[PDB]
Amino acid sequence: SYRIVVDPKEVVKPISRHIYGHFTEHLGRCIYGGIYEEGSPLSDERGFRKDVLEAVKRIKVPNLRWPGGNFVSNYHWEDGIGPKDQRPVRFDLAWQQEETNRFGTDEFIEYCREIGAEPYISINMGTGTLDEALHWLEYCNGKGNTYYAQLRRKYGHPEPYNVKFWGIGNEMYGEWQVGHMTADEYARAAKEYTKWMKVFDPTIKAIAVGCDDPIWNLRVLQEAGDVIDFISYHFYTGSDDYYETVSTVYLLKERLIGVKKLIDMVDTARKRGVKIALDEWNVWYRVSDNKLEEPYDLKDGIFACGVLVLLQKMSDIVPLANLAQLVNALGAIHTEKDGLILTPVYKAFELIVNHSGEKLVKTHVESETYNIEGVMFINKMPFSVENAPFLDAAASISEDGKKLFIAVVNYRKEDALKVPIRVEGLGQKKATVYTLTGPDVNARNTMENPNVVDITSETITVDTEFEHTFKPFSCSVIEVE
């Protein structure tokens, strides 16, 4: 017996508009041949794919991370500025391909401006330095007559970009990261970079590298807990079995609350509201090369759908979140020399970003849950979830309080469900429901079938108490009031 109950009159908390953020690295074809393709028939003036550019504006990306995860650890931002042509061609150790560097800081901020996204830049703590980091910040933000501020002007860009989010290193814990450090090395370093940098520009937000090692996090929070604003968390899941995949949205839940509690345990970090930044998270188990062009199907899209619902109701501790990428590399939008194609993961965002409120409202659901055991992300790391709901949901209200969105996810495949929803004091209106699903849990869009998995409206008469059946493996948003 399932049933959900919403009370639009009771606001619980805001929903950080930045939970819907995306990430874009210089990996494989994410940049070159993805959002950027110089002199292509589909690309515009500045080399931006117009067809990609649309798909991106359609899901109003809030903030965009760049230039990377692994890449950034051997990236020197100064090779990305100044006229192109004269920019050095370097060899990226991360994914082993040459970097023409024609897509640099200036180009990224332009792309951000164009899609109305707040840039989120992450510095290089591998082969880079503190002087180098400061300079990049000088170049992007301040307006004095310091060398780098003026350099920005000489190149474009007389007005300062004002990048608000700075990722202080990337997965510095990893033996695979160029110049990886120990818990104490990185810990004491995060504080040094954040300490200064912030004396130059007090307004920036700093995201420190966090991960699954408790001692790591704890040592980072303990050292820089009085100056950093977030602690980074990366979550990659996946498996062939439908449930092993969708059910990990509830594993991510326990994981986040885990990190949450570590923060509570470090006096300085708890005093300042240090929060979690889930700056890297998607499904990823199939491909394990250096193009990472994962073929996402509806199964994965549902997971994505669930994650957004989760965040929707946890944005108070995880205000910042970034999908793996949004282009080819673990991409949400797959590209080709002559076209585009939106994967179920992209759809999940299309649905929730355009049908979601700025405030979370008392919403209480009752599902049949289950227990599971499965693997994860390609080495098939073992994991287990307990009491994962078959149905979950989140009710949001627009800013002006005149519109309600009840997003629900039926995480069952062999079943549709006729749950009695109820909205305290609603009355009889003619709401419309946008639902996202498709043929089977393995459906996916192609170049010739750009619509196998898609969003579809449908009208309904709703009352203070009513019913609506949700298809198996579906994600729906009843838009009322």
# chains A, B, ... in the order shown; residues from 1 in each chain; ligands from 1

$ residues_around --residues "residue 370 (chain A)" --least-positions-apart "5" --cutoff "10 Å" --atoms "only C-alpha atoms" --output "compact mmCIF listing (two decimals) with C-alpha atoms, in the first residue's frame"
# COMPACT_ATOMS: atom_id res chain seq x y z
CA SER A 247 18.62 1.51 -5.87
CA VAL A 385 21.04 -0.85 0.32
CA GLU A 386 18.43 -1.30 3.00
CA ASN A 387 14.78 -0.42 2.66
CA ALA A 388 14.98 1.31 -0.65
CA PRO A 389 11.55 2.75 -1.55
CA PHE A 390 9.73 1.60 -4.69

$ closest_atom_pairs --of "region 228-337 of chain A" --to "region 161-184 of chain A" --cutoff "10 Å" --atoms "only C-alpha atoms" --output "JSON lines"
{"residue": "A:228", "atom": "CA", "partner": "A:168", "partner_atom": "CA", "distance": 9.1}
{"residue": "A:229", "atom": "CA", "partner": "A:165", "partner_atom": "CA", "distance": 9.7}
{"residue": "A:230", "atom": "CA", "partner": "A:167", "partner_atom": "CA", "distance": 9.3}
{"residue": "A:231", "atom": "CA", "partner": "A:167", "partner_atom": "CA", "distance": 9.5}
{"residue": "A:232", "atom": "CA", "partner": "A:167", "partner_atom": "CA", "distance": 8.5}
{"residue": "A:233", "atom": "CA", "partner": "A:171", "partner_atom": "CA", "distance": 9.3}
{"residue": "A:234", "atom": "CA", "partner": "A:171", "partner_atom": "CA", "distance": 8.7}
{"residue": "A:277", "atom": "CA", "partner": "A:167", "partner_atom": "CA", "distance": 9.9}
{"residue": "A:279", "atom": "CA", "partner": "A:167", "partner_atom": "CA", "distance": 9.1}

$ select_by_dssp --residues "region 292-343 of chain A" --states "alpha helix (DSSP H)" --output "PyMOL selection string"
chain A and resi 298-312

$ atom_distance --atom1 "CA of residue 473 (chain A)" --atom2 "CA of residue 298 (chain A)"
8.2 Å

$ residues_around --residues "region 98-106 of chain A" --least-positions-apart "4" --cutoff "6 Å" --atoms "only C-alpha atoms" --output "VMD selection string"
chain A and resid 80 to 81 84 89 to 92

$ write_last_selection --atoms "N, CA and C atoms" --output "short mmCIF file (atom, residue, chain, number, x, y, z; two decimals), in the first residue's frame"
data_model
loop_
_atom_site.label_atom_id
_atom_site.label_comp_id
_atom_site.auth_asym_id
_atom_site.auth_seq_id
_atom_site.Cartn_x
_atom_site.Cartn_y
_atom_site.Cartn_z
N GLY A 80 45.92 29.09 -21.96
CA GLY A 80 44.58 29.15 -22.51
C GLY A 80 44.11 30.56 -22.72
N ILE A 81 45.05 31.48 -22.58
CA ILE A 81 44.68 32.86 -22.76
C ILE A 81 45.45 33.50 -23.89
N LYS A 84 44.63 33.00 -29.89
CA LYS A 84 44.79 31.55 -30.04
C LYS A 84 45.95 31.53 -31.03
N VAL A 89 50.82 24.10 -27.65
CA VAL A 89 50.17 22.79 -27.72
C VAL A 89 50.87 21.92 -26.72
N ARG A 90 50.13 21.53 -25.70
CA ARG A 90 50.70 20.76 -24.62
C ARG A 90 50.16 19.35 -24.66
N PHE A 91 50.79 18.43 -23.96
CA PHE A 91 50.33 17.06 -23.91
C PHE A 91 49.72 16.77 -22.53
N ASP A 92 48.42 16.51 -22.50
CA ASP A 92 47.71 16.22 -21.29
C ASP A 92 48.00 14.81 -20.80
#

$ closest_atom_pairs --of "region 278-362 of chain A" --to "region 27-44 of chain A" --cutoff "6 Å" --atoms "only C-alpha atoms" --output "tab-separated table"
residue	atom	partner	partner_atom	distance
A:291	CA	A:28	CA	4.3
A:327	CA	A:30	CA	5.0
A:328	CA	A:30	CA	5.0
A:329	CA	A:30	CA	5.3
A:335	CA	A:34	CA	5.9

$ closest_residue --among "A:76, A:355, A:50, A:364" --to "residue 12 (chain A)" --atoms "only C-alpha atoms"
A:364

$ residues_around --residues "residue 276 (chain A)" --least-positions-apart "5" --cutoff "10 Å" --atoms "only C-alpha atoms" --output "ChimeraX atom specification"
/A:207-208,210,229-233,256-257,259-260,263,315-321

$ closest_atom_pairs --of "region 234-306 of chain A" --to "region 395-415 of chain A" --cutoff "10 Å" --atoms "only C-alpha atoms" --output "CSV"
residue,atom,partner,partner_atom,distance
A:242,CA,A:413,CA,8.6
A:243,CA,A:411,CA,8.1
A:246,CA,A:411,CA,7.3
A:247,CA,A:411,CA,8.3
A:299,CA,A:411,CA,9.6
A:302,CA,A:411,CA,7.6
A:303,CA,A:411,CA,8.8
A:305,CA,A:409,CA,7.6
A:306,CA,A:409,CA,6.8

$ atom_distance --atom1 "CA of residue 191 (chain A)" --atom2 "CA of residue 62 (chain A)"
27.2 Å

$ closest_residue --among "A:190, A:353, A:348, A:251" --to "residue 123 (chain A)" --atoms "only C-alpha atoms"
A:190

$ residues_around --residues "residue 437 (chain A)" --least-positions-apart "2" --cutoff "9 Å" --atoms "only C-alpha atoms" --output "PDB file with C-alpha atoms, in the first residue's frame"
ATOM      1  CA  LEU A 298      16.345   4.694 -19.418  1.00  0.00           C
ATOM      2  CA  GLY A 301      17.920   8.105 -16.506  1.00  0.00           C
ATOM      3  CA  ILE A 302      15.632   6.956 -13.702  1.00  0.00           C
ATOM      4  CA  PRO A 344      17.840   9.500 -20.754  1.00  0.00           C
ATOM      5  CA  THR A 435       5.957  12.112 -17.185  1.00  0.00           C
ATOM      6  CA  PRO A 439       9.555   1.226 -24.051  1.00  0.00           C
ATOM      7  CA  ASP A 440      11.723  -0.825 -21.685  1.00  0.00           C
ATOM      8  CA  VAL A 441      14.276  -0.192 -18.977  1.00  0.00           C
ATOM      9  CA  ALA A 443      15.411   2.123 -24.189  1.00  0.00           C
ATOM     10  CA  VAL A 452      12.315   6.721 -27.851  1.00  0.00           C
ATOM     11  CA  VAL A 453      12.740   7.982 -24.257  1.00  0.00           C
ATOM     12  CA  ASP A 454      11.032  11.368 -23.788  1.00  0.00           C
ATOM     13  CA  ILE A 455       8.748  13.683 -21.783  1.00  0.00           C
ATOM     14  CA  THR A 456       4.999  13.795 -22.464  1.00  0.00           C
ATOM     15  CA  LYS A 471       3.940   3.740 -15.038  1.00  0.00           C
ATOM     16  CA  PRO A 472       6.782   1.354 -14.202  1.00  0.00           C
ATOM     17  CA  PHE A 473      10.278   2.863 -14.215  1.00  0.00           C
ATOM     18  CA  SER A 474       8.803   6.320 -14.654  1.00  0.00           C
ATOM     19  CA  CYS A 475       9.465   9.773 -13.240  1.00  0.00           C
ATOM     20  CA  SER A 476       6.596  12.225 -13.190  1.00  0.00           C
TER      21      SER A 476
END

$ residues_around --residues "region 110-118 of chain A" --least-positions-apart "4" --cutoff "6 Å" --atoms "only C-alpha atoms" --output "PDB file with N, CA, C and O atoms, in the first residue's frame"
ATOM      1  N   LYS A  57      20.761  25.204 -23.152  1.00  0.00           N
ATOM      2  CA  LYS A  57      19.977  26.305 -22.613  1.00  0.00           C
ATOM      3  C   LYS A  57      18.609  25.774 -22.177  1.00  0.00           C
ATOM      4  O   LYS A  57      17.950  26.328 -21.277  1.00  0.00           O
ATOM      5  N   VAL A  61      21.100  25.373 -17.102  1.00  0.00           N
ATOM      6  CA  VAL A  61      22.238  25.068 -16.249  1.00  0.00           C
ATOM      7  C   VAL A  61      22.536  26.285 -15.339  1.00  0.00           C
ATOM      8  O   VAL A  61      22.653  27.426 -15.825  1.00  0.00           O
ATOM      9  N   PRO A  62      22.633  26.051 -13.998  1.00  0.00           N
ATOM     10  CA  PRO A  62      22.893  27.034 -12.937  1.00  0.00           C
ATOM     11  C   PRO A  62      24.329  27.494 -12.817  1.00  0.00           C
ATOM     12  O   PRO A  62      24.587  28.683 -12.650  1.00  0.00           O
ATOM     13  N   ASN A  63      25.243  26.522 -12.856  1.00  0.00           N
ATOM     14  CA  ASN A  63      26.689  26.728 -12.728  1.00  0.00           C
ATOM     15  C   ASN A  63      27.386  25.610 -13.486  1.00  0.00           C
ATOM     16  O   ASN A  63      26.918  24.474 -13.513  1.00  0.00           O
TER      17      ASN A  63
END

$ atom_distance --atom1 "CA of residue 307 (chain A)" --atom2 "CA of residue 382 (chain A)"
20.0 Å

$ select_by_dssp --residues "region 66-111 of chain A" --states "strand (DSSP E or B)" --output "number ranges by chain"
A: 66, 90-92, 97-99

$ closest_residue --among "A:24, A:432, A:127, A:461" --to "residue 331 (chain A)" --atoms "only C-alpha atoms"
A:24

$ closest_residue --among "A:240, A:226, A:467, A:280" --to "residue 2 (chain A)" --atoms "only C-alpha atoms"
A:467

$ residues_around --residues "region 133-147 of chain A" --least-positions-apart "5" --cutoff "8 Å" --atoms "only C-alpha atoms" --output "VMD selection string"
chain A and resid 77 to 78 123 to 124 128 152 159 to 163 193 196 to 197 200 to 201

$ write_last_selection --atoms "N, CA and C atoms" --output "mmCIF file, in the first residue's frame"
data_model
loop_
_atom_site.group_PDB
_atom_site.id
_atom_site.type_symbol
_atom_site.label_atom_id
_atom_site.label_comp_id
_atom_site.auth_asym_id
_atom_site.auth_seq_id
_atom_site.Cartn_x
_atom_site.Cartn_y
_atom_site.Cartn_z
ATOM 1 N N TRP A 77 46.614 27.241 -16.568
ATOM 2 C CA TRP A 77 45.671 28.152 -17.179
ATOM 3 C C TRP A 77 46.204 29.209 -18.162
ATOM 4 N N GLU A 78 47.440 29.658 -17.974
ATOM 5 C CA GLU A 78 47.992 30.662 -18.858
ATOM 6 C C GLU A 78 48.213 30.201 -20.287
ATOM 7 N N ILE A 123 41.210 24.816 -9.586
ATOM 8 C CA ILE A 123 42.624 25.048 -9.803
ATOM 9 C C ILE A 123 43.440 23.794 -9.856
ATOM 10 N N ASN A 124 44.681 23.919 -10.316
ATOM 11 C CA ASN A 124 45.601 22.798 -10.455
ATOM 12 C C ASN A 124 46.491 22.677 -9.232
ATOM 13 N N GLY A 128 50.651 22.543 -10.614
ATOM 14 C CA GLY A 128 50.491 23.981 -10.414
ATOM 15 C C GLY A 128 51.025 24.468 -9.061
ATOM 16 N N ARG A 152 43.578 40.493 -18.544
ATOM 17 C CA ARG A 152 42.213 40.118 -18.902
ATOM 18 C C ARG A 152 41.684 41.205 -19.849
ATOM 19 N N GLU A 159 35.497 44.264 -17.988
ATOM 20 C CA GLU A 159 34.833 43.977 -16.738
ATOM 21 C C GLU A 159 35.177 42.566 -16.222
ATOM 22 N N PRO A 160 35.560 42.460 -14.932
ATOM 23 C CA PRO A 160 35.921 41.203 -14.269
ATOM 24 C C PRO A 160 34.817 40.143 -14.247
ATOM 25 N N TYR A 161 35.185 38.914 -14.585
ATOM 26 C CA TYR A 161 34.250 37.799 -14.642
ATOM 27 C C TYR A 161 33.531 37.492 -13.328
ATOM 28 N N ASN A 162 34.279 37.602 -12.240
ATOM 29 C CA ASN A 162 33.732 37.317 -10.932
ATOM 30 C C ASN A 162 33.316 35.850 -10.771
ATOM 31 N N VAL A 163 34.254 34.934 -10.958
ATOM 32 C CA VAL A 163 33.965 33.512 -10.809
ATOM 33 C C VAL A 163 33.763 33.316 -9.325
ATOM 34 N N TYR A 193 45.933 27.372 0.206
ATOM 35 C CA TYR A 193 45.322 27.978 -0.966
ATOM 36 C C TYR A 193 44.070 28.772 -0.608
ATOM 37 N N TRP A 196 44.944 32.352 1.568
ATOM 38 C CA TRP A 196 45.210 33.488 0.658
ATOM 39 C C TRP A 196 44.150 33.262 -0.385
ATOM 40 N N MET A 197 44.220 33.838 -1.566
ATOM 41 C CA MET A 197 43.105 33.596 -2.506
ATOM 42 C C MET A 197 41.909 34.289 -1.885
ATOM 43 N N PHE A 200 42.687 37.875 -1.151
ATOM 44 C CA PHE A 200 42.577 38.613 -2.394
ATOM 45 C C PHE A 200 41.102 38.879 -2.741
ATOM 46 N N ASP A 201 40.265 37.840 -2.641
ATOM 47 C CA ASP A 201 38.837 37.954 -2.924
ATOM 48 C C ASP A 201 38.018 37.176 -1.915
#

$ decode --residues "region 256-377 of chain A" --atoms "C-alpha atoms" --output "PDB file, in the first residue's frame"
ATOM      1  CA  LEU A 256      25.985  12.060   1.877  1.00  0.00           C
ATOM      2  CA  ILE A 257      24.562  11.945   5.395  1.00  0.00           C
ATOM      3  CA  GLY A 258      27.760  10.186   6.325  1.00  0.00           C
ATOM      4  CA  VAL A 259      29.969  13.029   5.169  1.00  0.00           C
ATOM      5  CA  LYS A 260      27.388  15.355   6.681  1.00  0.00           C
ATOM      6  CA  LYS A 261      27.957  13.949  10.123  1.00  0.00           C
ATOM      7  CA  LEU A 262      31.760  14.057   9.835  1.00  0.00           C
ATOM      8  CA  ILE A 263      31.371  17.770   9.334  1.00  0.00           C
ATOM      9  CA  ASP A 264      29.260  17.987  12.466  1.00  0.00           C
ATOM     10  CA  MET A 265      32.194  16.403  14.294  1.00  0.00           C
ATOM     11  CA  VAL A 266      34.722  19.154  13.512  1.00  0.00           C
ATOM     12  CA  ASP A 267      33.920  22.165  15.667  1.00  0.00           C
ATOM     13  CA  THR A 268      35.264  24.831  13.320  1.00  0.00           C
ATOM     14  CA  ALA A 269      33.665  23.261  10.229  1.00  0.00           C
ATOM     15  CA  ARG A 270      30.339  22.900  11.996  1.00  0.00           C
ATOM     16  CA  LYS A 271      30.318  26.461  13.339  1.00  0.00           C
ATOM     17  CA  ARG A 272      30.669  27.890   9.780  1.00  0.00           C
ATOM     18  CA  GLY A 273      28.017  26.089   7.783  1.00  0.00           C
ATOM     19  CA  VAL A 274      30.480  24.039   5.698  1.00  0.00           C
ATOM     20  CA  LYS A 275      28.443  21.947   3.324  1.00  0.00           C
ATOM     21  CA  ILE A 276      28.704  19.188   0.830  1.00  0.00           C
ATOM     22  CA  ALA A 277      29.345  19.795  -2.841  1.00  0.00           C
ATOM     23  CA  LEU A 278      28.458  16.710  -4.899  1.00  0.00           C
ATOM     24  CA  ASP A 279      30.576  18.066  -7.793  1.00  0.00           C
ATOM     25  CA  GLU A 280      30.873  14.822  -9.710  1.00  0.00           C
ATOM     26  CA  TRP A 281      28.131  12.219 -10.047  1.00  0.00           C
ATOM     27  CA  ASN A 282      26.610   9.942 -12.649  1.00  0.00           C
ATOM     28  CA  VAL A 283      26.252   6.360 -13.748  1.00  0.00           C
ATOM     29  CA  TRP A 284      29.447   4.915 -15.051  1.00  0.00           C
ATOM     30  CA  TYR A 285      30.318   1.261 -15.287  1.00  0.00           C
ATOM     31  CA  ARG A 286      30.437   0.299 -18.950  1.00  0.00           C
ATOM     32  CA  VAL A 287      33.233   2.231 -20.609  1.00  0.00           C
ATOM     33  CA  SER A 288      36.671   2.445 -19.058  1.00  0.00           C
ATOM     34  CA  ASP A 289      38.867   4.154 -21.622  1.00  0.00           C
ATOM     35  CA  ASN A 290      39.742   7.848 -22.098  1.00  0.00           C
ATOM     36  CA  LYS A 291      36.768   8.983 -24.242  1.00  0.00           C
ATOM     37  CA  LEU A 292      34.352   7.643 -21.648  1.00  0.00           C
ATOM     38  CA  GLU A 293      31.386   7.703 -23.989  1.00  0.00           C
ATOM     39  CA  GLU A 294      28.952   5.777 -21.802  1.00  0.00           C
ATOM     40  CA  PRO A 295      25.721   4.636 -23.608  1.00  0.00           C
ATOM     41  CA  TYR A 296      23.105   5.718 -21.102  1.00  0.00           C
ATOM     42  CA  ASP A 297      19.701   4.067 -21.192  1.00  0.00           C
ATOM     43  CA  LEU A 298      16.345   4.694 -19.418  1.00  0.00           C
ATOM     44  CA  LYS A 299      17.496   2.662 -16.398  1.00  0.00           C
ATOM     45  CA  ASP A 300      20.253   5.222 -15.825  1.00  0.00           C
ATOM     46  CA  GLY A 301      17.920   8.105 -16.506  1.00  0.00           C
ATOM     47  CA  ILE A 302      15.632   6.956 -13.702  1.00  0.00           C
ATOM     48  CA  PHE A 303      18.621   6.888 -11.340  1.00  0.00           C
ATOM     49  CA  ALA A 304      19.389  10.418 -12.408  1.00  0.00           C
ATOM     50  CA  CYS A 305      15.786  11.277 -11.860  1.00  0.00           C
ATOM     51  CA  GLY A 306      15.922   9.890  -8.344  1.00  0.00           C
ATOM     52  CA  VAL A 307      19.125  11.659  -7.465  1.00  0.00           C
ATOM     53  CA  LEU A 308      17.545  15.013  -8.403  1.00  0.00           C
ATOM     54  CA  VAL A 309      14.545  14.247  -6.239  1.00  0.00           C
ATOM     55  CA  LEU A 310      16.886  13.341  -3.347  1.00  0.00           C
ATOM     56  CA  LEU A 311      18.866  16.560  -3.787  1.00  0.00           C
ATOM     57  CA  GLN A 312      15.619  18.414  -4.111  1.00  0.00           C
ATOM     58  CA  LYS A 313      15.015  17.483  -0.504  1.00  0.00           C
ATOM     59  CA  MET A 314      18.570  17.731   0.779  1.00  0.00           C
ATOM     60  CA  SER A 315      19.816  20.917  -0.857  1.00  0.00           C
ATOM     61  CA  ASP A 316      20.253  22.250   2.668  1.00  0.00           C
ATOM     62  CA  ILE A 317      23.341  20.148   3.246  1.00  0.00           C
ATOM     63  CA  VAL A 318      24.264  19.487  -0.397  1.00  0.00           C
ATOM     64  CA  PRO A 319      23.525  22.829  -2.012  1.00  0.00           C
ATOM     65  CA  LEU A 320      25.926  22.308  -4.878  1.00  0.00           C
ATOM     66  CA  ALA A 321      25.868  19.391  -7.355  1.00  0.00           C
ATOM     67  CA  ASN A 322      27.345  18.650 -10.758  1.00  0.00           C
ATOM     68  CA  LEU A 323      26.455  15.874 -13.179  1.00  0.00           C
ATOM     69  CA  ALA A 324      29.531  13.993 -14.357  1.00  0.00           C
ATOM     70  CA  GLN A 325      29.652  15.848 -17.655  1.00  0.00           C
ATOM     71  CA  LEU A 326      27.227  17.055 -20.277  1.00  0.00           C
ATOM     72  CA  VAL A 327      28.604  16.217 -23.600  1.00  0.00           C
ATOM     73  CA  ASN A 328      30.372  13.028 -24.738  1.00  0.00           C
ATOM     74  CA  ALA A 329      32.574  12.168 -21.758  1.00  0.00           C
ATOM     75  CA  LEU A 330      30.148  10.307 -19.495  1.00  0.00           C
ATOM     76  CA  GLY A 331      27.996  12.718 -21.466  1.00  0.00           C
ATOM     77  CA  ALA A 332      24.391  13.625 -20.979  1.00  0.00           C
ATOM     78  CA  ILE A 333      24.239  14.991 -24.515  1.00  0.00           C
ATOM     79  CA  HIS A 334      25.963  12.712 -27.084  1.00  0.00           C
ATOM     80  CA  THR A 335      27.558  14.459 -30.071  1.00  0.00           C
ATOM     81  CA  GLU A 336      28.547  13.575 -33.576  1.00  0.00           C
ATOM     82  CA  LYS A 337      30.207  15.559 -36.400  1.00  0.00           C
ATOM     83  CA  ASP A 338      26.703  16.081 -37.872  1.00  0.00           C
ATOM     84  CA  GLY A 339      24.195  15.899 -35.016  1.00  0.00           C
ATOM     85  CA  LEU A 340      23.105  15.631 -31.448  1.00  0.00           C
ATOM     86  CA  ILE A 341      21.160  13.045 -29.384  1.00  0.00           C
ATOM     87  CA  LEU A 342      19.805  13.385 -25.861  1.00  0.00           C
ATOM     88  CA  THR A 343      20.333  10.423 -23.498  1.00  0.00           C
ATOM     89  CA  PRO A 344      17.840   9.500 -20.754  1.00  0.00           C
ATOM     90  CA  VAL A 345      20.158  11.245 -18.282  1.00  0.00           C
ATOM     91  CA  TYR A 346      19.736  14.494 -20.200  1.00  0.00           C
ATOM     92  CA  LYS A 347      15.985  13.976 -20.219  1.00  0.00           C
ATOM     93  CA  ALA A 348      15.850  13.593 -16.434  1.00  0.00           C
ATOM     94  CA  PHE A 349      17.168  17.099 -16.163  1.00  0.00           C
ATOM     95  CA  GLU A 350      14.884  18.423 -18.913  1.00  0.00           C
ATOM     96  CA  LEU A 351      12.006  17.173 -16.817  1.00  0.00           C
ATOM     97  CA  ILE A 352      12.993  18.277 -13.340  1.00  0.00           C
ATOM     98  CA  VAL A 353      14.618  21.593 -14.116  1.00  0.00           C
ATOM     99  CA  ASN A 354      11.651  22.900 -16.061  1.00  0.00           C
ATOM    100  CA  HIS A 355       9.053  21.512 -13.619  1.00  0.00           C
ATOM    101  CA  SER A 356      10.364  22.287 -10.116  1.00  0.00           C
ATOM    102  CA  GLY A 357       9.886  24.954  -7.457  1.00  0.00           C
ATOM    103  CA  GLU A 358      12.282  27.066  -5.409  1.00  0.00           C
ATOM    104  CA  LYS A 359      10.881  25.828  -2.071  1.00  0.00           C
ATOM    105  CA  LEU A 360      10.408  22.290  -0.632  1.00  0.00           C
ATOM    106  CA  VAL A 361       7.008  21.693   0.978  1.00  0.00           C
ATOM    107  CA  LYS A 362       5.883  19.215   3.624  1.00  0.00           C
ATOM    108  CA  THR A 363       5.685  16.095   1.542  1.00  0.00           C
ATOM    109  CA  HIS A 364       5.315  12.648   3.150  1.00  0.00           C
ATOM    110  CA  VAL A 365       5.170   9.401   1.185  1.00  0.00           C
ATOM    111  CA  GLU A 366       4.473   5.732   2.023  1.00  0.00           C
ATOM    112  CA  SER A 367       6.139   3.038  -0.120  1.00  0.00           C
ATOM    113  CA  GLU A 368       6.768  -0.679  -0.042  1.00  0.00           C
ATOM    114  CA  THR A 369      10.599  -0.717   0.160  1.00  0.00           C
ATOM    115  CA  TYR A 370      13.055  -3.578  -0.441  1.00  0.00           C
ATOM    116  CA  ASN A 371      16.581  -4.602   0.324  1.00  0.00           C
ATOM    117  CA  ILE A 372      19.272  -5.156  -2.245  1.00  0.00           C
ATOM    118  CA  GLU A 373      22.840  -6.257  -2.844  1.00  0.00           C
ATOM    119  CA  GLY A 374      24.741  -5.565  -6.010  1.00  0.00           C
ATOM    120  CA  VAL A 375      27.795  -4.065  -7.644  1.00  0.00           C
ATOM    121  CA  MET A 376      28.575  -0.677  -8.845  1.00  0.00           C
ATOM    122  CA  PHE A 377      30.904   1.059 -11.151  1.00  0.00           C
TER     123      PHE A 377
END
